[PDB]
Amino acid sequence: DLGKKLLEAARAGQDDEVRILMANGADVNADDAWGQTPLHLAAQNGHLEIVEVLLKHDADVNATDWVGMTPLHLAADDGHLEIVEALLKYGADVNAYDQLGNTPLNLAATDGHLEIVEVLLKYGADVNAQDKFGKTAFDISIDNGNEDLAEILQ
């Protein structure tokens, strides 16, 4: 119930409300029916300062939802550079596979997010990770004709 308001405040990006709910003892690791946490919802909707307040308040950085996605999965997918960095600084599993065969590196490669790819590589992203179709980060970059990214992945 306090958790529900926290989930919604995070999805919303209601910073002040999030801080109030934290102060009132809301469970930072509360999860909804799809197994998504406030960290999932903030990370996905680009709410950096909420992501950071959640992280500093011991949110499970590697919480997985109903299809095995972590907050890093969602952030990499949506192109949130600073959030990806924030997640990684708190020990996000850089090479985590969700139940759909996605890794953060491959998600970022797919959508052409160069800076994110570079940060993931810096944190030890596995360049040999196979998407369900047997495609790696590099393979995906060529098929999309993104040659600058292909260069980075070498």
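Residue positions are given as counts along the sequence shown, with the first one as 1.
Output the stretch having the higher mean C-alpha B factor in the entry; the candidates are 28-36 and 125-133. According to the entry, 125-133 carries the higher average C-alpha B-factor.
Third of chain Cα B-factors occupied by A86: It belongs to the middle third of the chain when residues are ordered by C-alpha B-factor.
Name the third of the chain's ranked CA B-factors that contains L48, choosing lowest, middle or highest. As the PDB entry reports it, the C-alpha B-factor of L48 lands in the middle third of its chain.
Within this chain's modelled residues, let me know which third the CA B factor of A109 belongs to: lowest, middle or highest. Answer is middle: the recorded C-alpha B-factor places it there.
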